[PDB]
Amino acid sequence: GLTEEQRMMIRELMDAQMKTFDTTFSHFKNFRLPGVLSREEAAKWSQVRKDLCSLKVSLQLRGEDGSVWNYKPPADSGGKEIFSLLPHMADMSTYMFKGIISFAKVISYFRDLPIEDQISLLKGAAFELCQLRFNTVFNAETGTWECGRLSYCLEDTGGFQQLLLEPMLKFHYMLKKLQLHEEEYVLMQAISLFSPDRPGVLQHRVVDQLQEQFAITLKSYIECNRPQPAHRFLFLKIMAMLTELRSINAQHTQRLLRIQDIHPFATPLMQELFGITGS
Ligand SMILES: CCOP(=O)(OCC)C(=Cc1cc(C(C)(C)C)c(O)c(C(C)(C)C)c1)P(=O)(OCC)OCC
């Protein structure tokens, strides 16, 4: 029951996703790994500890030869050990950000925007699109993001309910429970990417019209393909999660800048996307 334009729109988005989402992470290489073996500033450190303590994961690397490396992070002992996985995660996030920049650039609707708006939209949405792609490799039964030969497992710290307190973790579990199709994930990416109210966007009206068309396409897709009672209000649930994801983006951006202030680690691409000039 989709129009021809809506069908073409999903086709273009799915093409872009297929071309730019390395779901096996085969080309993620040469990344860093954790090493083997005042008053104003003290308040900053206390906040940064809170920014990180509920986001801890262990890391597993499965070798092509069948070997397995496993890393368990240190406990918070008041020192720099809370940062041990940040270079690695900066490298993974940077890899993902390159993929979502590539995703945007192959979409006609994005390519046709002024280059300054393209940059403003990617700066605005990079974390959101990255997390949406990460949700598709999230295993909610094991609390693990399965990234090809790499796995990131939430540290069983509190318990299951106490871990749902962290908004980005609650988001991953809640989104996984909706059991979305690839097409619904890629339309979520489009709706996030074409957000007319990101800082710096000049073509507000064009971007707003584009976003509405992606949202209408998603609404129509769901109506045409999901008649089951479980999917009543699914479109509205998804849109509400996209609004929540924008809020989480702002909050994790604040965490990033707080950490960067006392412990610089952002890669050059992260600096460009999240507003760090190099002073
Ligand atoms: C705003 C920029 O954030 P960011 O890309 O930065 C890279 C360091 C970032 C990325 C990130 C976040 C999560 C949570 C939040 C779902 C736990 C992950 O599970 C993962 C992996 C790689 C393990 C799948 C990466 P951040 O939210 O979490 C990493 C600690 O970083 C905010 C400081």
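Remark: pairs (first residue in the range 1-23, over 23 Å from residue 227 (Cα atoms); second residue hydrophobic (A, V, I, L, M, F, W, C) and outside any helix (DSSP H, G or I); Cβ separation under 6 Å; 6+ apart in sequence or on different chains) = 16/107. Being of a type in the set (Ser, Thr, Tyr) and within 12 Å of the ligand (Cβ to nearest atom) is a condition met by no residue of the range 237-246.
Only residues that are more than 8 Å from the ligand (Cβ to nearest atom) and over 30 Å from residue 184 (Cα atoms) were counted in the range 259-270, giving 7. Considering only residues that are surrounded by 15 or more Cβ atoms within 10 Å (Cβ to Cβ), over 17 Å from the mean Cα position of the chain (by Cα) and under 17 Å from residue 86 (Cα atoms), which ones fall in the range 227-262? Correct list: 258, 259, 260.
Beta carbons closer than 9 Å, at least 6 apart along the sequence or on distinct chains, pair a first residue in the range 148-166 that is closer than 20 Å to residue 88 by Cβ with a second that is among the charged types (D, E, K, R) and outside any loop (DSSP other than H, G, I, E, B) for 148/62; 149/62; 150/62; 151/62; 152/146. Any residue at all in the range 73-94 that is closer than 15 Å to residue 149 by Cα, surrounded by fewer than 17 Cβ atoms within 10 Å (Cβ to Cβ) and over 22 Å from the mean Cα position of the chain (by Cα)? No: zero hits. Of the helices (runs of 4 or more DSSP H) lying entirely inside the range 123-193, those containing at least 3 residues that are within 12 Å of the ligand (Cβ to nearest atom) and out of contact with any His (no Cβ under 7 Å at 6 or more places or on another chain) are 167-177. Every test in (1) within 30 Å of residue 238 (Cβ to Cβ); (2) assigned to a helix (DSSP H, G or I) is passed by residue 81 save one, and that test is (1).
For neighbour counting, all protein chains shown are included, and Cβ atoms are generated from backbone atoms with ideal geometry for every residue, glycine included. Every number in this text was worked out from the coordinates using simple rules, so none of it is lab data.
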